Amino acid sequence: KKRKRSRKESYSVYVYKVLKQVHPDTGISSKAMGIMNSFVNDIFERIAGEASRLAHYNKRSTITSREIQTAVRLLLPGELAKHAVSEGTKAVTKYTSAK
Amino acid sequence: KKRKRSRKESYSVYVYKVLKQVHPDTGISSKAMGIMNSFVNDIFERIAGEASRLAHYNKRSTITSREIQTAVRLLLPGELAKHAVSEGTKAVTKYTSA
Amino acid sequence: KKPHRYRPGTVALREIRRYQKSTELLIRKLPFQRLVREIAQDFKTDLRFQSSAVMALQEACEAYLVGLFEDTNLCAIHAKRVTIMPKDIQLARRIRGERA
Amino acid sequence: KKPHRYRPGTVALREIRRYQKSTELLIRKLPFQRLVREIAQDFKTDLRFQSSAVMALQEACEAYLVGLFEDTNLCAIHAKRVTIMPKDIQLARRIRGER
Amino acid sequence: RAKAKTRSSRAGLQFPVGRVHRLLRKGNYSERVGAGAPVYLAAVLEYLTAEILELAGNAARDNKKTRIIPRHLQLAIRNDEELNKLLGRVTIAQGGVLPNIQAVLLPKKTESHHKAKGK
Amino acid sequence: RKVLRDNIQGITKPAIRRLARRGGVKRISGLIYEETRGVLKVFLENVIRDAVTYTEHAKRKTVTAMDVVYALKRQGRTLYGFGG
Amino acid sequence: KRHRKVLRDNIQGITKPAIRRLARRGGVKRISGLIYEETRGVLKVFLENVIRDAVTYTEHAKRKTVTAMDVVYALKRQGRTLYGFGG
Amino acid sequence: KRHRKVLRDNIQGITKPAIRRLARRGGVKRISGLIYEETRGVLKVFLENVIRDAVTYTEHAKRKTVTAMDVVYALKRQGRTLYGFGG
DNA sequence: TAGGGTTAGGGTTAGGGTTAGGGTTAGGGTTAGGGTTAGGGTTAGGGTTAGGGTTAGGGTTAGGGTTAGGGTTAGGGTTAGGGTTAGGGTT
DNA sequence: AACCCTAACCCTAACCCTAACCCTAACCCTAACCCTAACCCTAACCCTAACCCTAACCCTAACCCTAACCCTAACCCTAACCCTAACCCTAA
């Protein structure tokens, strides 16, 4: 009775904060949170599945940024991988340069 | 020579023994070994591969015998499944005895 | 009676428009909760389906049939006909890679 | 004088039977070696191709092409026609899903 | 434990950069994750969630509603050419279909008169 | 529940035309209605058999929604939504 | 210093006889005249796509040579597994 | 010898400062960052269009050298009329 | 870089296969009335689960030996060229 | 039946070879453990079944208008020899 409650984990708080930068004024109905939380879990299982084959073919044992970047160049198409390799490079540059 | 080549591994010795058991007077050319050696290394990634996912969904952390019997009932067709799920258990039974 | 008897072909081009702008499900729910349970009795006896897995089979067997029908229509307009016929559905499957 | 001109379309049935019973590649190696070299220049320059890489590319490319022509033929026999044409190739690619 | 600063904030990314490290490590994708990989992979997911969630809102104003419901998601992933060549096999839960009637069958056109007795 | 013929007759003639009119077809021949009951029975046999194989692995006797979302994913037609 | 021609073979070598030899294996009996320009447009969008993924693997190892195992690895992703040309 | 030919890096040959000196003669005060790629698109279409008409006159005379009274005879048709570098 | 043989590359020509037109008839379309079944509710009781301590055997793991698999190599056993003979009809 | 193609060899002669032979490297027995898939009440919820209804939806005729099909020619275009002699092989 007391507690005995499992904690389901979902990326739904973080998809209600990217709707509040791109378009303040609009809100997502419960089904759209469904058809979204099942998108984030599908482009994270296609970039950690072409980066665990690239590490092994080259006989190396760690997924460094270059490997998570070769996948974006192959799996995403044009005018989508171009606007994504740059977005990552600025975001990691801040991590090392700025502490 | 002085290279100390790392060298490679091939399931080519094993294929020759099986050819002798089924037909005892034919032989295989090297190009034919290449198509066959690849198949033995491509039905080891589909059958093992479905087993890895079947472990995670359940939450269990080991790939034991049942998980390679629910991956041969899904990734193999119709009557090459009943004749391969049955063939495998017989070899597991013998190993347990000895 | 001088009414508005619509000529063959004007109550079918107003139907394609109404049904292509909606999100509901065409197949009735109760007759599709018995096709699913008579194709399960053979595989294992006494299987009890959940109430959200008899609506995830309806929404994947009503979105593959509205997929064969668009491919049948492109094929039946390649022989100069406007009526889909049973020798069209069979061609669509072969090229797609399904029954042969 | 013996013209011995077989009527139109009967030399080809002999051609189909002889061609379907052998495995030698039908596009010449020296010209194909160059088409890959031109299509590689844009992705990077200074790329050196090993002998096997051109050979594999010839076996896959012949195999995609041999197939598109068995499906174009199936489409042609449907309209009551007996010859492939430019329009038939585009129905096979829309249906197969390549677009 | 002197003070708490989220690893997402130091790199200025909204999507979690701590959760993606556990999920990469506990899924048995590879032996040693590295530390430049959780941050790169929490930014190639956020750009994509900001392409569908902005090409879908713009299709909600057009139909005069203030919520991005399931259909407005199909009218935004079945138009863009880059996003219809990635999610090209996926089926949205209650999406519907994109309007298209082939021109040859449009009403009359060739004109249904047939014998047209007269001329 | 039943084992009769109402299973494949449940997909009645009106609802095997409305599914089509959502695709563009303007005139439907009489024999399309029989062939399109055959194609749906084969698809359901293949999706339902794979859900049962996953259900037996965990020993459960209920075919939950996630199992159908994992049967469809293998054959190349992922579903997004009715599950996670 | 430079081959005077810089055409890099402009979709050439697929001469009328080669496209009339591949089609005959297929089953085609009466090839029409316009097919030859089109079949040099379909080969073209294929040889590029295996190649873009092939270079992408080699630059990952930093090597400058496209070995056949790279072409067999690229061909699996698109959908057709060539068996043995490289192994 | 000269074992190299002109690649396609030339379109980026116009530097970032040169597009900031042909725009400060225009009255522009605060050039935005994305303009540099667009101004390499407008120049790129123009240089081809004067060029195709220039080659088409030279091939009429069966020569192999594009002399300036050919550029001046192409530039009149499109719209401008350079007076000076030509007769 | 020779060099050489054959593959592609040009012409004609006649047949046959699209292609446009012109009738003929069943076959979908389009309304209009009868006869339901497929949806909703409410109860209720059994039918399958969700944690939770608790063993014990099945793994891992880090030492030895040692066996089995992976390179190199003459000389024979197919196996194709290579010409006759065969053999199918085939215009 | 103009006179065209199909089917025995048979020499010909390189690549599959069994060794065979080291020997290098990877498995196996032998000792340690830990940890988890077994185990169990329970208490909870949720699927199944039963009951009632009723009103939108299917069903089954009639009438008649198109569209699918089968001829009809015919006329453009794709087929099948023929001197090349250019270019791709083939070493080296």
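As named in the PDB entry, chain G is Histone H4, taken from Homo sapiens. The title given to this PDB entry is "Telomeric Dinucleosome". The Sequence similarities field of the UniProt record for chain G holds the comment "Belongs to the histone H4 family."

Under the PDB entry, the name given to chain D is Histone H3.1, and the organism recorded is Homo sapiens. As recorded by UniProt, the Sequence similarities comment attached to chain D reads in full: "Belongs to the histone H3 family."

Undergrad: Residue-level account of the interface of chain C and chain F, with values.
TA: On the chain F side, the residues contacting the 55 residues of chain C number 50 residues. A combined buried area of about 5400 Å² lies between chain C and chain F, and 69% of that area is made up of carbon and sulfur atoms. Counting the surface chain C buries against chain F, the share from its top three residues, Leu-26, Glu-38 and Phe-69 of chain C, is 12%. Taken together, chain C and chain F are joined by 2 salt bridges. Our count for the contact surface shared by chain C and chain F stands at 12 residue pairs in polar contact. Among the secondary structure elements, those contributing two or more residues to the side of chain C that touches chain F are α1 (15-19), α2 (35-38), β1 (48-49), α3 (65-76), β2 (83-84) and α4 (86-96) of chain C. If you tally residues by element for the side of chain C that touches chain F, the top one is α3 of chain C, at 6 residues. Class assignment for the residues of the side of chain C that touches chain F results in 31 nonpolar, 10 polar and 14 charged. Of the pairings in the sheet, the one linking β2 of chain C to strand β1 (residues 27-28) of chain F comprises 2 bridges and is parallel in character. Each bridged residue has a counterpart across the sheet, and for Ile-84 of chain C the counterpart in β1 of chain F is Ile-28 of chain F.

Undergrad: Lay out the nonpolar core with the relevant residues and their values.
TA: Core analysis: the biggest nonpolar cluster contains 113 residues, and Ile-43 of chain A, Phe-32 of chain C together with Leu-44 and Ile-48 of chain F have the highest contact counts within it. In terms of residue count, helix α3 (residues 32-58) of chain F provides more of this core than any other element does, 10 residues in total. The contact partners of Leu-44 of chain F, leaving out residues within four places of it in the chain, are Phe-32, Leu-35, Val-36, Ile-39, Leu-57 and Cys-61 of chain C. By size, the runner-up hydrophobic cluster in this structure holds 44 residues, among which are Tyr-19, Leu-57 and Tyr-64 of chain D together with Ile-51 of chain G.

Undergrad: Let's hear about the environment of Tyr-73 of chain G: which residues, and what values?
TA: Topologically, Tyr-73 of chain G is positioned in helix α3 (residues 68-78). On the basis of relative accessible area, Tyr-73 of chain G is assigned to the partly exposed category, the value being 21%. Remark: the alpha-carbon pair of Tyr-73 of chain G and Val-50 of chain G, spanning 23 residues in sequence, is separated by 9.7 Å. Apart from the residues lying within four places of it in its own chain, the contact partners of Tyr-73 of chain G are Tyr-57 of chain A together with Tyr-57 of chain G.

Undergrad: Go over the environment of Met-33 of chain A with me, naming the residues and quoting the values.
TA: Residues and elements named next belong to chain A. On the secondary structure map, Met-33 appears in helix α2 (residues 30-40). By relative accessible area, which is 17% here, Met-33 ends up buried. Along the backbone, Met-33 and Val-15 are 18 residues apart, and their C-alpha atoms lie at a distance of 7.8 Å. Excluding residues within four positions of it along the chain, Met-33 makes contact with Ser-12, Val-15 and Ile-28.

Undergrad: Can you lay out the interface of chain D and chain G for me, pointing to particular residues and giving the numbers?
TA: The interface is formed by 52 residues belonging to chain D together with 46 residues belonging to chain G. Considering only the side of chain D, the residues that lose the most area to chain G are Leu-26, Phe-43 and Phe-69 of chain D, jointly responsible for 13% of the buried surface there. Between the two partners, chain D and chain G, sit 3 salt bridges. Two residues, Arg-34 of chain D and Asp-9 of chain G, come together in a salt bridge whose shortest N-O distance is 3.4 Å. On the surface where chain D and chain G come into contact, there are 10 residue pairs in polar contact. Of all the secondary-structure elements, those providing two or more residues to the side of chain D that touches chain G are α1 (11-20), α2 (29-41), β1 (48-49), α3 (51-78) and α4 (86-96) of chain D. Looking at which element gives the most residues to the side of chain D that touches chain G, the answer is α3 of chain D, with 16 residues. The class makeup of the residues in the side of chain D that touches chain G is 30 nonpolar, 8 polar and 14 charged.

Undergrad: Any chance you could break down the protein's contact with DNA strand I for me, citing the residues and the numbers?
TA: Taken together, 50 residues lie around DNA strand I, and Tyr-14 of chain B, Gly-9, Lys-29 and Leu-30 of chain C together with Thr-62 of chain F are the ones closest in. Of everything in DNA strand I that lies within 4 Å of the protein, sugar and phosphate atoms constitute 92%. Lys-4 of chain A places a main-chain nitrogen or oxygen 3.2 Å from a phosphate oxygen of DNA strand I. A distance of 3.4 Å separates a phosphate oxygen of DNA strand I from a polar atom in the backbone of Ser-10 of chain B. Listing elements by their share of the surface near DNA strand I, those giving two or more residues are α1 (12-22) of chain B, β1 of chain F together with α1 (16-26) of chain G. Its residues placed into classes, the surface near DNA strand I shows 12 nonpolar, 13 polar and 25 charged.

Undergrad: Report on the packing of aromatic side chains, specifying residues and quantitative values.
TA: Inspection of the entire model under this criterion finds 5 aromatic pairs over all chains. For the pair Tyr-64 of chain C and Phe-43 of chain F, a centre-to-centre distance of 4.9 Å together with 35° between the ring planes defines the contact as tilted. With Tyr-64 of chain C in the loop between β1 and α3 and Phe-43 of chain F in helix α3, this pair bridges two chains. With respect to class, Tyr-64 of chain C is no different from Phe-43 of chain F; both count as buried. Of note, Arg-14 of chain D hangs over the ring of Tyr-6 of chain D, and the distance from its end group to the ring centre comes to 5.1 Å. The residue whose ring lies beneath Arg-19 of chain E is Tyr-11 of chain A, and the NZ or CZ to ring-centre distance is 5.4 Å.

Undergrad: Tell me about the protein's contact with DNA strand J, residues and numbers included.
TA: Taken together, 42 residues lie near DNA strand J, and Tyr-16 of chain B, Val-82 of chain C, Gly-9 and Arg-28 of chain D together with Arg-1 of chain F sit nearest. Counted by atom, the contact set of DNA strand J within 4 Å of the protein is 85% sugar and phosphate. A distance of 3.1 Å separates a phosphate oxygen of DNA strand J from a polar side-chain atom of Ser-51 of chain C. Taken together, the elements giving at least two residues each to the surface near DNA strand J come down to β1 of chain C, α1 and α2 of chain D together with α1 of chain G. Sort the elements by how many residues they give to the surface near DNA strand J and α1 of chain D lands first, with 3 residues. Per-class residue counts for the surface near DNA strand J are 12 nonpolar, 12 polar and 18 charged.

Undergrad: Talk me through unusual backbone geometry; I want residue IDs and the actual numbers.
TA: Positive phi, normally seen in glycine, also occurs at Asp-46 of chain C, with a value near 60°. Given the relative accessible area of 61%, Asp-46 of chain C is considered exposed. Here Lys-62 of chain H, not a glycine, exhibits a phi torsion of approximately 60°, which is positive. In this fold, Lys-62 of chain H is placed in the loop between α1 (35-60) and α2 (68-78).

So, how was this worked out
Residues numbered from 1 in each chain as written, not as in the entry; some residues may be left out. Chains lettered and ligands numbered in written order. Part of a larger assembly, values for the part shown. Heavy atoms only, no water. Residues with missing side-chain atoms left out of burial classes, pairs and counts. UniProt positions renumbered as here; feature names shortened; annotations may be inferred. Contact = heavy atoms within 4.5 Å. Buried area = accessible area lost by both parts, 1.4 Å probe. Salt bridge = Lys/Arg side-chain N within 4 Å of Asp/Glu carboxyl O. Polar contact = N/O pair within 3.5 Å; in protein donor to acceptor, adjacent residues only side chain to side chain. Helix = DSSP H or I, 4+ residues; strand = E, 2+ residues; numbered from the N terminus. Nonpolar A, V, L, I, M, F, W, Y, C, P; charged D, E, K, R; others polar. Pairing = 2+ DSSP bridges. Core = buried A, V, L, I, M, F, W, Y, C linked by side-chain atoms within 4.5 Å. Buried < 20%, exposed > 50% of the residue type's maximum accessible area, 1.4 Å probe, protein only. Near = heavy atom within 4 Å. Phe/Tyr/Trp six-rings, centres within 6.5 Å; stacked < 30°, edge-to-face > 60°. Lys NZ or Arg CZ within 6 Å of the ring centre and 35° of its normal.

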